[PDB]
Ligand code: CLA
Ligand code: CLA
Ligand code: CLA
Ligand code: CLA
Ligand code: CLA
Ligand SMILES: CC1=C(/C=C/C(C)=C/C=C/C(C)=C/C=C/C=C(C)/C=C/C=C(C)/C=C/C2=C(C)CCCC2(C)C)C(C)(C)CCC1
Ligand SMILES: CC1=C(/C=C/C(C)=C/C=C/C(C)=C/C=C/C=C(C)/C=C/C=C(C)/C=C/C2=C(C)CCCC2(C)C)C(C)(C)CCC1
Ligand SMILES: CC1=C(/C=C/C(C)=C/C=C/C(C)=C/C=C/C=C(C)/C=C/C=C(C)/C=C/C2=C(C)CCCC2(C)C)C(C)(C)CCC1
Ligand SMILES: CC1=C(/C=C/C(C)=C/C=C/C(C)=C/C=C/C=C(C)/C=C/C=C(C)/C=C/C2=C(C)CCCC2(C)C)C(C)(C)CCC1
Ligand code: OEX
Ligand SMILES: [Cl-]
Ligand SMILES: [Cl-]
Ligand SMILES: [Fe+2]
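Chains as they are written, first to last, in the deposited numbering: chain F, 12 to 45; chain E, 4 to 84; chain K, 10 to 46; chain Z, 1 to 61; chain D, 12 to 352; chain A, 12 to 344; chain Y, 17 to 46; chain J, 5 to 40; chain C, 12 to 461.
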């Protein structure tokens, strides 16, 4: 019925995949001690 | 109304969460390990908390030449700061 | 500090004041369950 | 009676959690309401008693 | 049909996200500028360009992170990754402020792509292109502030760094060194921005408080239908209300909405002109007559002279650390300060 | 009945400017404040604002221009004391100590509150919905914050905003020095409110102008395609919604005009509400975020941030502001 | 430690939506 | 299609956002950038 | 049910407006909300006690509820020193249990009890437009508030007293035996100017006046409650007000906004019912303390503080107020109306006495001045003590700052809510709250203004 991989899929994932990666990175940064 | 499955229909499907309960934690863990292993410091050249200064130095490693700026940064890094 | 016989309930007390805010949030959750009718 | 006082206060906390979950569920579900009515009464009485017990056991602890 | 026509047909298909011909310029450049800012504020330091920590990795928060400008010794270098300064070293490129020029150039071409997108969609749906004309004002602001202003100055260093506290530094720098509040072009910009906010609030409230009763629900949002032919609110009642409250009122809806276009766009354009003047240090810093009088008479005081003393304080106290390339060593006894404190 | 006739005249909707009872208070106070402001802005003698016998010249006749002129706030020796004309021994003493500022600001605040009430009153008389006054409450709260609430918190009407352009700039700079208003989230919400208000004003104007229905020629102005009181819509909201929904994406675009205009009302009003509350809460010295020396390396050396550069600028303003008025190390108010 | 406070706040913040979920599951007056 | 209710999805996503931003404020008080 | 927009006319974001003509559910909403208030009181008290360090001053520990209990004379001794933390615990615990009871009642009336109370009872069922019933309920609540004021009086007079920061020898818990029942003194506070040096009811500076005013307030509230139970609104009252639920809400919102502004000014300026031992110094108190501190320091170094001339020509330490009183110099000349127990022993008939300043400054006054100078109510949003330019070392924001800022925000928003509901009640009573009728637009029936 509905196609799976579209332009909208590409835009959504190009925004969302680095967002989750960066969120994990900053969450790890919260436990860094000097 | 443009030819795609509505976002509400997608994110309420079981198959979406079957995929994404794997993919989303994998990306989160990948970012966490990118920071915690110290790969971010090496990739982006960000000083570690023990790496802003040399032990007795209080001067700031500021680049002063345009075409030797890379060499100046490498000299500053080689100064054990 | 609290009286010592209540000492083991110290963490629970530490999360007690934020309970009213959750109530506000709970309203929206309820309104999400009925579809904001 | 410090272990007794801690046990009574823990029972009060657990029963408060149970009633906080269950009283709105019992009130908003009519289908079994008669049965839940008795439990609510019992819970309320027990909760009141536990409060009184803890208060008295506050001064001997 | 030819390959150009087939590609055009694919590019102009109705999607969730319209692409268009302008998309080829817009989406890469805009995505790269946003990703560069997030990457810089998350990972990249300013230690070698400014002597500042400016990333989450260094412990800064959202207000204090920034992608800082390159060092002053870099001049107005484009600072390409393959350029003679970085020489293809991505790490050194990040350390030398190449991410700033990356973000600035990709943001400029993304803004160009967005105005081209406005033009293309306006042509496609058959509407007049006044949204692109209105968007010319933020483009003028970006070009004047982030491109024209550092080009007038010594280097990219004195451009705004892409960050919250860095932009606050930019504001305070312009106060201390340029007296930017005293500039009449900035005054016209402030007038345009605050008048646009006033017009937005007052027009929204006026429409919402002169609505026709087109339903029996207390919440009046339901009563509007998108394809109806009638006005949803009373222009006559609104006109009489503002005529009796304020003295004057709009009586032409088209003129009202053009005015709503006109005020903030004109304000932003005037402020961009003033920023070009400051790019050449052509400031509205002083009034010569009051300067001469205050010099020849130590009892003449205005708020303008007090502001000049404040600017002297800003310059002297922020110059050694805001401009580390000058190697300013100001001893304690040369610092201007009032009594006590 | 004479009183009934006076009540009919006051509440009449046929007056060219509506009076109302809020108007019977509003008109004398605003006239007094306006007349006193014009007279003081042109011809007032210098005013000892700091209370340190160093008078500040603010009027045009004493060497100012339009930009530098101001009605200078009352003396710091007065503080929060009520200083009408009859409390002064003479008009020369009243003018020396900054009495016109108190007269103008008190009359203006009373008149502007009654302006809000008058907006409600006319909306009620015309059968309108009543919340235009709620929208006007945001600039009114801002005026109350800078003219009354900040003097109350700081303890002197000398710390209120001067009635002039350069005096306003002085107020801004000293406020940043003492409170770090830029780092305060309420002021950031206010900047979001005014920037968004200008943005959405230009956006709504450009979208409505873009979708104007052709009723003229290229010879005549497009504004003549609209007639005052016409029932038909002068622009096609469907076309504008299609354009804006293709510009960003469809569900980011308002198709309800009432929802759109409520958003236009709500965004800058809430933002300005928050920035007025910011000025009041900094009047009670709850200042902006302090991140000075927050970033510390392994040894303990301070690693400066942009907040520290802001702190250097704030230190410059702090040490230079009111350069003769301080005798003690801490500027406690 | 901190884990005790986190456990308590997790239990309370699930106790709310647990009430909502239980009412939706048994078709309550919700 | 609609097997998992959308209100559960919204509640869980919002709670995750709340947890993440609370972690960010805790890290504002601990470790790097805490002034200690 | 009226639990949707189609049946009620209100969307979900105005869903509580669906409770207007539903007395039982509205009662449930009110009782559950009262449970929320009591819950915050108890839980916040227990939270503050759990982190309370009794050897540190209360104003350094971010406490706003423990100072309220301490002001009532519970748990404190001379000088504000905590002698027993058990009363704070009792207040918190009893509030938490009572909040559980009130939450039970609110939930019951909100989701289980009858939706309208009119069928079940004529005493509890009400119509908003029944003026007599509304005045009856108002009278009941006035009697309750009067009993609360007399409860404060009873605590002050018969149950241990109140903390008196003005007590001889130092602040201590004192029983008020002679309250000021003179209506000239009591109602002279209401006629006082709100401006500098007068300060209206915020300027009450002794507990005798506080207890006498509360005796008057309790008696007046009880009398007015009986008056409203026994009477009906008069014709001028019936013609002057809108009689509907939203109208009564708007009246209460205006009253609460006014009370919020009054409480803001009260916590910022008054140091009698908000003692500086518990809440920290006021801004005027801290500025006067700084001037006093450096006066002491330079006088110990040998300076003649009466003759020392500042940079502007005014007295560096001592100057004259606009009415001639000898006051502290510098910027703190704005705060010369400040009165505090640590400063009053040096004040003579003409202001600060030079001879007492030279000879009578005791070490406890110096300690108080230094402490109040270094704990000025100045701080950042992320609780950094000092001016905006200070560095991150001191974790301190005064409770006076927190209370004043929060209640100014709340008072302003409640003024906004009063405006909203007053306009809406007027429009709904007049019948155009949903918009202009197209067929009967009033402006179209009006002559032009040209
Ligand atoms: C279409 C979108 C677009 C646009 C307009 C730009 C534009 C720009 N990028 Mg960019 N970029 C893009 C997409 C885009 N980028 C993408 C998708 C990526 C990810 C891979 C990057 C990654 C990237 C990096 C990493 C950098 C840039 C940089 C730049 C800037 C300088 C580039 C330059 O001088 O090369 C100019 C090159 C051309 C104009 C191409 C010429 C094409 C014509 C037809 C000639 C071709 C001749 C012939 C066919 C081949 C010659 C071969 C031989 C003779 C040598 C410029 C503003 C630099 C920068 O920001 O500096 C601070 C930089 O370092 N970009
Ligand atoms: C102080 C906050 C507060 C309070 C007391 C209420 C109270 C009420 N609202 Mg309401 N509301 C609020 C905030 C609040 N609201 C907010 C913030 C919004 C915006 C999202 C709304 C939106 C809203 C709408 C749209 C509607 C209401 C309605 C109602 C009434 C009926 C509730 C019902 O049938 O739900 C049934 C729901 C449930 C049974 C789910 C469980 C809820 C229970 C009560 C949770 C209890 C939790 C607690 C821990 C239990 C402790 C027990 C322990 C003490 C023993 C009720 C009196 C309705 C109304 O007007 O009725 C005509 C209605 O249609 N509200
Ligand atoms: C005791 C005070 C009181 C009472 C009983 C009411 C009662 C009512 N108001 Mg009202 N109001 C009040 C104060 C009050 N108001 C104040 C102070 C304001 C000014 C801000 C308003 C502004 C206002 C408006 C603009 C409207 C109402 C409306 C209504 C009606 C429906 C409300 C509803 O369902 O809310 C549902 C509740 C919500 C949607 C939740 C709102 C969430 C708030 C805004 C954010 C709170 C932030 C929190 C404090 C801190 C952050 C928390 C964190 C989780 C982020 C109801 C009769 C509506 C009406 O006219 O109906 C006839 C309406 O349109 N009120
Ligand atoms: C403002 C609060 C308030 C109000 C107006 C009502 C009103 C009502 N309740 Mg209700 N209730 C409340 C709070 C309230 N309740 C609380 C807190 C609870 C939890 C325990 C309940 C639990 C409850 C139940 C379980 C039932 C009612 C019922 C009723 C109805 C008849 C009650 C009757 O005849 O009483 C007659 C009078 C008395 C029994 C005397 C009570 C004396 C009290 C204890 C004196 C307390 C002292 C002081 C006044 C209170 C101060 C408290 C303050 C400090 C917080 C009536 C509409 C009944 C109903 O609706 O049936 C259909 C019903 O079954 N209520
Ligand atoms: C919560 C408290 C409360 C509330 C809501 C009411 C409500 C009401 N009372 Mg009332 N009353 C109360 C307590 C209360 N009473 C108490 C405690 C007493 C005993 C002293 C009385 C004695 C009383 C009498 C004797 C009468 C009322 C009347 C009324 C009705 C008309 C109100 C009116 O027009 O006044 C609005 C106020 C005015 C019209 C006065 C003029 C307004 C001036 C200009 C305002 C000046 C104050 C200003 C804001 C400055 C503030 C500071 C200043 C005090 C120094 C109304 C139902 C009347 C009625 O109908 O009786 C059944 C009536 O004749 N009351
Ligand atoms: C005292 C005590 C207690 C009590 C408690 C309580 C009382 C509780 C309650 C609680 C509650 C009451 C809770 C709640 C919670 C909630 C939550 C957690 C929610 C959240 C939310 C969110 C997240 C949202 C989301 C959304 C939606 C849904 C829609 C729209 C969008 C959004 C996203 C916004 C107990 C018993 C323990 C015991 C001991 C002590
Ligand atoms: C530079 C560079 C590059 C690029 C890259 C990219 C493109 C990236 C991306 C990146 C990204 C794309 C990232 C993302 C991120 C994100 C984040 C990190 C987020 C966060 C968030 C949060 C935290 C949230 C918040 C919020 C808000 C905003 C409001 C509301 C509330 C809240 C809180 C929710 C390339 C390779 C090309 C080349 C070389 C160079
Ligand atoms: C209607 C409604 C609503 C509301 C509700 C409410 C508002 C309720 C309330 C509720 C409440 C208001 C509750 C309360 C509860 C409480 C409790 C349940 C408590 C308990 C307690 C305890 C258990 C104690 C304990 C202890 C002690 C003894 C001491 C030591 C410490 C401790 C804590 C351990 C909403 C919004 C959702 C929406 C829908 C509907
Ligand atoms: C000394 C003392 C005291 C006491 C106090 C008192 C005794 C008080 C009372 C007070 C009072 C006794 C108050 C009253 C007030 C009033 C008011 C606030 C009013 C209002 C009004 C109104 C609102 C009206 C309006 C109107 C108009 C204007 C016109 C026509 C229409 C109407 C009706 C709307 C105390 C406790 C603090 C303690 C300390 C000391
Ligand atoms: O007067 Mn106008 O500004 Ca408020 O801080 Mn203190 O006082 Mn004076 O110095 Mn900074
Ligand atoms: Cl100044
Ligand atoms: Cl001073
Ligand atoms: Fe419009």
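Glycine included, C-beta positions come from ideal geometry on N, C-alpha and C.
Residues sharing a beta bridge with residue 320 of chain C, DSSP: C/326
- request: Measuring from each Cβ to the nearest heavy atom of ligand 5, keep the ones under 6 angstroms and list them in chain order.
  value: C/146, C/149, C/153, C/201, C/231, C/232, C/234, C/235, C/238, C/242, C/244, C/245, C/248 and C/251
- prompt: Since residue 70 of chain D meets chain J, which of its residues come closer than 8 angstroms, beta carbon to beta carbon?
  reply: 35, 36, 37 and 38
message: Please return the same chain residues whose Cβ sits closer than 7 angstroms to the Cβ of residue 67 of chain A, not counting the five positions on each side in sequence.
response: 57, 58, 60 and 83
task: Report the rounded CA-to-CA distance for residue 168 of chain C versus residue 187 of chain C, giving the unit in angstroms.
output: Residue 168 of chain C and residue 187 of chain C: Cα-Cα distance of roughly 5 angstroms.
message: As an exercise, report each continuous beta strand (DSSP E) stretch of at least 3 residues that is fully enclosed by the segment 160 to 213 of chain D, in chain order.
response: none
- request: Using a threshold of 8 angstroms, state whether the C-beta atoms of residue 238 of chain D and residue 222 of chain D are closer than that.
  value: no
message: For residue 21 of chain F, would you say it is in contact with chain E, using Cβ-to-Cβ distances shorter than 8 angstroms as the test?
response: With 8 angstroms as the cut-off, residue 21 of chain F does not count as an interface residue toward chain E.
query: If you measure from the CB of residue 351 of chain C, is any heavy atom of ligand 4 nearer than 7 angstroms?
result: Residue 351 of chain C has its Cβ no nearer than 7 angstroms to any heavy atom of ligand 4.
task: Let me know if residue 330 of chain A comes out buried or exposed under the rule of 16 or more other beta-carbons within 10 Å of its beta-carbon.
output: buried
message: For residue 290 of chain A, count the other beta carbons within 10 Å of its own beta carbon; 16 or more makes it buried, fewer makes it exposed. Which is it?
response: buried
query: Between residue 276 of chain D and the rest of its own chain, which residues show a CB-CB distance below 6 angstroms, the 5 nearest in sequence each way excluded?
result: 145 and 148
message: I'd like the span of the beta strand (DSSP E) that includes residue 175 of chain C, first residue to last.
response: 173 to 175
task: Compare the Cα-Cα distances from residue 325 of chain A to each of D/264, D/31 and D/187 and report the closest residue.
output: D/187
- prompt: Of all the CB atoms in chain J, is at least one closer than 8 angstroms to the CB of residue 41 of chain K?
  reply: yes
- request: Assign residue 78 of chain C to buried or exposed, taking buried as 16 or more other Cβ atoms, counted over all protein chains shown, within 10 Å of its Cβ.
  value: buried
- prompt: Looking at chain Z, which residues of the segment 27 to 41 of chain K have a Cβ within less than 8 angstroms of any of its Cβ atoms?
  reply: none
task: Give the single residue among A/304, A/155, A/14 and A/32 whose Cα lies nearest to the Cα of residue 168 of chain A.
output: A/155
field: Chain-ordered chain Z contacts of residue 18 of chain K [CB-CB under 8 angstroms]
entry: Result: 9 and 13.
field: residue 27 of chain J vs residue 38 of chain F beta-carbon contact at 8 angstroms
entry: It is a contact, given that the beta carbons lie within the stated cut-off.
- request: Identify every residue that forms a DSSP beta bridge with residue 185 of chain C.
  value: Listed as beta-bridge partners of residue 185 of chain C by DSSP are C/173.
query: At a cut-off of 7 angstroms, is residue 47 of chain C close to ligand 8 when judged by its beta-carbon and the heavy atoms of the ligand?
result: Yes, since a heavy atom of ligand 8 falls inside the 7 angstroms radius drawn around the Cβ of residue 47 of chain C.
Alpha-carbon spacing of residue 192 of chain A relative to residue 180 of chain A, whole angstroms: 14 angstroms
query: At a cut-off of 7 angstroms, is residue 432 of chain C close to ligand 4 when judged by its beta-carbon and the heavy atoms of the ligand?
result: no
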